[PDB]
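Q: got the complex split up, this is the first portion:
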Amino acid sequence: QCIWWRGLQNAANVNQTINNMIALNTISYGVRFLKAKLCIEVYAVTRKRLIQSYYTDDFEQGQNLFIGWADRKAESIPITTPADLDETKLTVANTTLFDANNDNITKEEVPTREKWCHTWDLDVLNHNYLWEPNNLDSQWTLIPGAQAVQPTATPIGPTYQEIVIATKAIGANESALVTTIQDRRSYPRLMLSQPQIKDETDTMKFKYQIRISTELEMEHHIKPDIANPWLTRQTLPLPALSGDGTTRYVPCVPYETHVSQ
Amino acid sequence: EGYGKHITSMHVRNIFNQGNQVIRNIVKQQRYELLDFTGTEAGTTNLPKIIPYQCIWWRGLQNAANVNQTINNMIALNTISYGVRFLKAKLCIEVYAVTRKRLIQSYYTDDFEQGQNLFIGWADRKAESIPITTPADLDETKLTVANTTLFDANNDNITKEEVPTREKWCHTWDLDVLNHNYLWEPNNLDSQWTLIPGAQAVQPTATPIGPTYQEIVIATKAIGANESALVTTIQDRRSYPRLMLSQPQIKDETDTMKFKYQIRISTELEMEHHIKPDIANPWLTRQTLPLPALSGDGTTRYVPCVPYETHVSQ
Amino acid sequence: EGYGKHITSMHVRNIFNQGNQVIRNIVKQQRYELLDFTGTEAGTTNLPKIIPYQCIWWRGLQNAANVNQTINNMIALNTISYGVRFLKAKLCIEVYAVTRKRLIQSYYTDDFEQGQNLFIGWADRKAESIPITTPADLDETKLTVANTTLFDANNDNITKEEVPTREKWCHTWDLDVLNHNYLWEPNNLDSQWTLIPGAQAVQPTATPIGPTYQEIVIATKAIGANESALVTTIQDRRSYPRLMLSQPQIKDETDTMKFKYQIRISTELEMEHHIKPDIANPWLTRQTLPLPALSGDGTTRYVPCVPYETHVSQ
C-alpha cells in the first residue's frame, strides 16, 4: 500500500531504476503508475528445532510460506519510519493469520521453489489526469487507487475518494482545480506468515529465506518542450497521509462489495 | 498420494463473503384511507392533499399502526447490511369511492358521485415544496399547503391525472440513481426528513440538505476518530415533483363543492440490501452515502419537490 | 373511462408474502486448529478425536471466539423466519502439517512426518456415540471417548480415510431430509444437544430425543394455550456415523507413537430460511418441526451416531 516499492526501507537497495525515476520525475510534469508486479521467491523453509539448551535449524521443505491477503477484515499498517516499511520486521501486535475461532484470512501457501507473484493495476486515473511526481522518498505516500478510508488523525485527502477535489498553489498568483473520477481500490493488507504449529513448548518457529522481486511500471509524462507550470492542473498530489503523527495507519481496506443493477 | 474421497490439493480458499451478498426486500404499505376535502380543519379542507413520496413516508411512518414485517425485515436487514440501494418504488392508489357532501335543510348528506374522479396532480411546471414537521405530517390525507389548489382560473400549471373509482392509479420511480458501485448507508427509515434517492439539487439554507442532492457528491464520514472516508459519486439528477391528491374545484351555490374519497394506497419500495460481509469491514461505509436528508434545527422543513429537469440536445 | 397512465381496473390484489419468501444463508466456520494426540490429559491423548457433526457444532459453538456474521446473519434470519431447512453441510479438513513427537535424552522434540497421514474414521459398522456435556465438549480437538481407537488388533471396524498434509478432506451432507412442505422451527443453534436434521431413530431413555428422529413424525406445539399444532411428516432415515480424527497407532519402543496435526477445518452449512410472512401467522409453526434434539436433565448426553442403514431389494 505504501511507496516501499522504491525499496525505501533501506538506502542500500537503491538502483538506477530509482535514479532513473528521480531524474524522470524532475523532467516530468506527471506520472501514471501502470502495473506493480510483486514476486516472492522462497529459497528455503527453515524450522528452529529445540534440543538440549540451544536450537538447531532443520529444513522443513514440505512446509510452506503463507501469504495472507488479510481480506475480509478492516486492518491497517502502522508506518513510522521508512525502515518500518521493511516487510521482514513490519508487524502488528496480537496479530496472526490463524484464529482458532473465525479464520478471516485468505492465505496463499507457497512451497520453496514455487514462486508467488501478484500484479496490481495502478491505472486508476482517467480524464487525462496524472499524478504529480515525487521521488517516492516518503513512506507515508501511498499507491494510487482509492481507499476512501482516512483517519482524522492524519487526513489523507481527496485522492482516496472516487470524486477528487483539490487545489494547487503552484504560485501565489494561480491555483488549479483538480477534479477526477478514479475507480475504487481495496488493496488489503498482505502478510507473510509462518504456520502456527503448536510444539510442546510454544508456537513452532520457522524462518524463511526468500527473494522478493518488485517491478513498478511508471509512465512518466515528460515536461513539454516549453515551460507550462499549469500542467499541474492535470496532475493530482501523490495519494498520501498527512499530519504531524509519528506513527500513521495505512488503511488497507479488505475489499469492495458490488451491486447488480 | 492421498487416496481419500473428495480430496484435492488445496487452492487458495477463504470462504468469506467479501461484501458480494445482497438481499432484496420490498417494504410495502397498503392502506384504505379517508381522503376528505369536506372538513374545515386539520387538512380536511378543499386544499389538495399531497403524497409525500419525496419523503421516506414509504415506510408508512405517518403512523406506527401501519408497521409490518417489511419494515421489520428492512430494520433487521439494515442492521446486517452495510449499504442499501433503492430499486423501484411502486405507488398505486385505488379509488373505492367518490363521494360528495350535498347540502340540505341545516345538515349535509353524502351522495355517490361515481361519474366524477379523483385528481392526481404532479405539480410539475412549478417550484413548490412540502413542509414536513412531524411524521404525522407525512400523512397524505392531511398533508396540505395553504392557498393551494390544482386549479388556477388564470394559468393552470398542473398536469393532473383523473381517476375513476375502480380505475387504479399506479406510478413507479427508479431509485437506482447511484452508480460507481456506491450505495446508501442504511437507516431504519424512521425519520420524516430523510428523502428518497435522486438529486434535487435545490436545498434551503435553513436546512442544508447536503451533497447527496448534487450530481457530484462530496462528503466525509467520521466512522471513528481515526479514519475518515471520502465518498464521491456521479448520480443522475431527479426531479420528483410534488404529487397531490385533489377533488375537482366545482362552484356550488354556497362555495366550493365538497367531496371525500375512499381510496386504497398501495406502496412497494424495492430495496436491495447489501449485507455486511462475513468479516468486519467498517470501511464499507466508504462506498455508502448518507441517506439524502435535510438537516438543521428547523421544526418545519421544506422538501424541494422540483418540477422537472430540462434537457439539451448536443 | 379513466384516462390516466398505468391505470387499470383492479384485479384481486393483496401484496403480502404469504410465506413464499425464502433466504439462503450459509453459516461457515473456518479454524486453524491444534489436533494433538501427544498430551496425557484433557483430550490430548492417543484417543482418536471426534468431529461432532451430528451436533449443532457447525455453529462453532465450541467457543464464542469463532462467531462470525454467518451466525449473526443466521440469528437475525431466525428471528424473522418462521422455519428453516438445512441444505448441504460442507466439511473440509485441510492438513497443514503432520508432526511427530520424538523422544530424546529427557525431553521430546517434534519432527515433521510429512509422509504420514491424518486418519479420518467414519466409525461406521459400529454402534457408538458422542457424549456431549458442554458446548466446549463439542471441540473436535478435545472430544474423545475412553478406551477408544481407530485400530483394533482383532477386528478393525472403521472405514478410515487417510490424508496427506496438503491433501484436503471434504465431505458433504444432505440435510434436505424433510418433505411434505415441512420445515424446522428456527433456533439460534446455541445448544450443543440439538442435532442435525435426519433421522437416527435411536434415542436413549435417559434423554428422550423425540419424534424428529423417526421417519414418521408426530408432535404437538403449544404456540399459545389456545391452539395446538399437529406436525406429522415422513422424513427419510439418516445414519450420520461417528466421524473421528486419529493419528496412526504406531508402537514405539516406549509406547504408542505420538503425533500432533495442524489442520484447518472449514465448515459451510447451507440454511434456507423461510421468512416470516408479511402478516402475522403464528400457525406457520404448523409446518415447522422442533429442531431434532435430545432432552432431559442429563448433564452428559450421548449422541447416537448410528453406523449406517441397511437396504432391502423389493
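A: That came through, no problem. Numbers count the residues shown, from 1 in each chain, chains lettered A, B, ... in the order given.

Q: Let me see the backbone angles for the closest residue to chain C within the stretch 1-150 of chain A.
A: Residue nearest to chain C within the stretch 1-150 of chain A: residue A:101 (3.2 Å; Cβ to the nearest Cβ). For every residue, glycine as well, the C-beta is placed using N, CA and C. Backbone torsions for residue A:101, taken as degrees, to the nearest 10, come to phi -110, psi -60.

Q: And for residue A:225?
A: According to degrees, to the nearest 10, residue A:225 has phi -60, psi -10.

Q: I'd like to know how many residues surround the residue of the stretch 1-150 of chain A closest to chain C.
A: For residue A:101, the neighbour count with other Cβ atoms under 10 Å in any protein chain shown is 17.

Q: Does it touch residue C:71 like I think?
A: No - look at residue A:101 against residue C:71 with Cβ atoms under 8 Å: they stay out of range, at 11.0 Å.

Q: Residues of the stretch 1-150 of chain A that sit close to chain C?
A: The stretch 1-150 of chain A comes close to chain C at residues A:47, A:49-52, A:58, A:60, A:62-64, A:97-104, A:109, as judged by Cβ under 8 Å from any Cβ of the partner chain.

Q: need the residues of the stretch 1-150 of chain A near chain B, please.
A: So the stretch 1-150 of chain A meets chain B at A:71-74, A:102-109, A:146-150 (Cβ under 8 Å from any Cβ).

Q: Which of those fall in strands?
A: Counting by DSSP state E, the residues of the stretch 1-150 of chain A next to chain B place A:107, A:108, A:109, A:149, A:150 in strands.

Q: what's near enough to touch the first one?
A: With contacts defined as Cβ atoms under 8 Å, 6 or more residues apart in numbering or on different chains, residue A:107 is in contact with A:66, A:67, A:68, A:69, A:97, A:193, B:12, B:14.

Q: Just send those residues back as JSON lines, with secondary structure too.
A: Output for the contacts of residue A:107, formatted as JSON lines (DSSP: H, G, I helix; E, B strand; the rest coil):
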{"residue": "A:66", "secondary structure": "strand"}
{"residue": "A:67", "secondary structure": "strand"}
{"residue": "A:68", "secondary structure": "strand"}
{"residue": "A:69", "secondary structure": "coil"}
{"residue": "A:97", "secondary structure": "coil"}
{"residue": "A:193", "secondary structure": "strand"}
{"residue": "B:12", "secondary structure": "coil"}
{"residue": "B:14", "secondary structure": "coil"}
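
Q: now the residues you listed: which count as buried?
A: A:66, A:67, A:68, A:69, A:97, A:193, B:14 (16 or more other Cβ atoms under 10 Å in any protein chain shown).

Q: biggest separation within the residues you listed, which pair?
A: Spanning the widest gap among those are A:193 and B:14, at 13.8 Å by Cβ to Cβ.

Q: what about stretch A:229-240, near chain B?
A: No - against chain B, stretch A:229-240 shows no contacts by Cβ under 8 Å from any Cβ, the least distance being 10.9 Å.

Q: add one more, call it chain D:
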Amino acid sequence: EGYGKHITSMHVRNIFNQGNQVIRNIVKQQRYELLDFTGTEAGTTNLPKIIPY
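A: One more piece, chain D, placed on the ones above:
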C-alpha cells in the same frame, strides 16, 4: 504442489536492464533570426554567413 495463484517454478530471473534500454530525445532549436549582410562590422558584411552544422 504449491497451489497459490500465479505461482510457477522459478526460471532464471534477474530483471536488470543489461543496457538494452534506449531513449530517443530530439533536441530542437527554433530561431527567428536577423541575417544581415548590410553592416560593415562583426559579421554583418557581404561575407556569406556559415551555418556551422
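
Q: same question on the contacts of residue A:107, but now with chain D added
A: A:66, A:67, A:68, A:69, A:97, A:193, B:12, B:14.

Q: Specify which member of the residues you listed is nearest to chain D.
A: residue B:12 (5.8 Å).

Q: For chain B, see how far away the residue sitting nearest the centre point of chain A is.
A: Closest residue to the average C-alpha location of chain A: residue A:1 at 2.3 Å, with Cα atoms, centre = their mean. Per Cβ to the nearest Cβ, to the nearest Å, residue A:1 is found 13 Å from chain B.

Q: I figured that residue hits residue A:250, correct?
A: Yes - if you go by Cβ under 8 Å, residue A:1 and residue A:250 touch, sitting 4.8 Å apart.

Q: any shared contact partners between those two?
A: A:77, A:142.

Q: Is chain D within reach of stretch A:52-71?
A: Yes - residues of stretch A:52-71 contacting chain D under Cβ under 8 Å from any Cβ: A:64, A:67.

Q: Can you give the distance of that stretch from its chain's centre?
A: The chain centroid and the centroid of stretch A:52-71 are separated by 24 Å under Cα atoms, centre = their mean, to the nearest Å.

Q: In this structure residue A:222 contacts residue A:26, no?
A: No - Residue A:222 is beyond contact range of residue A:26, at 10.2 Å (criterion: Cβ under 8 Å).

Q: Dump stretch A:39-50 to CSV, restricted to CA.
A: What follows is stretch A:39-50, C-alpha atoms only, in CSV (Å, rounded to 0.1, in the frame of the first residue of the first chain):
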residue,chain,number,x,y,z
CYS,A,39,7.1,-11.7,-6.9
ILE,A,40,8.2,-13.6,-3.8
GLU,A,41,10.5,-16.5,-4.4
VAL,A,42,11.0,-18.9,-1.5
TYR,A,43,14.5,-20.3,-1.5
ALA,A,44,14.1,-22.1,1.8
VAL,A,45,11.7,-23.0,4.6
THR,A,46,13.5,-23.5,7.8
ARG,A,47,12.4,-24.6,11.3
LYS,A,48,14.2,-23.9,14.5
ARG,A,49,14.2,-27.2,16.5
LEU,A,50,14.9,-27.3,20.2
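
Q: give the contact list for the residue of chain A positioned farthest from its centre.
A: In chain A, residue A:52 marks the outermost C-alpha relative to the chain mean, sitting 42.1 Å out by Cα atoms, centre = their mean. Residue A:52 sits next to residue C:107 when contact means Cβ under 8 Å, 6+ apart.

Q: cool, residue A:60 as well?
A: So residue A:60 contacts A:45, A:46, A:47, A:206, C:112 (Cβ under 8 Å, 6+ apart).

Q: same check, this time on residue A:216
A: Taking Cβ under 8 Å, 6+ apart as the test, what residue A:216 contacts is A:5, A:33, A:36, A:37.

Q: can you check residue A:96 too?
A: Contact partners of residue A:96, counting by Cβ under 8 Å, 6+ apart, are A:193, A:196.
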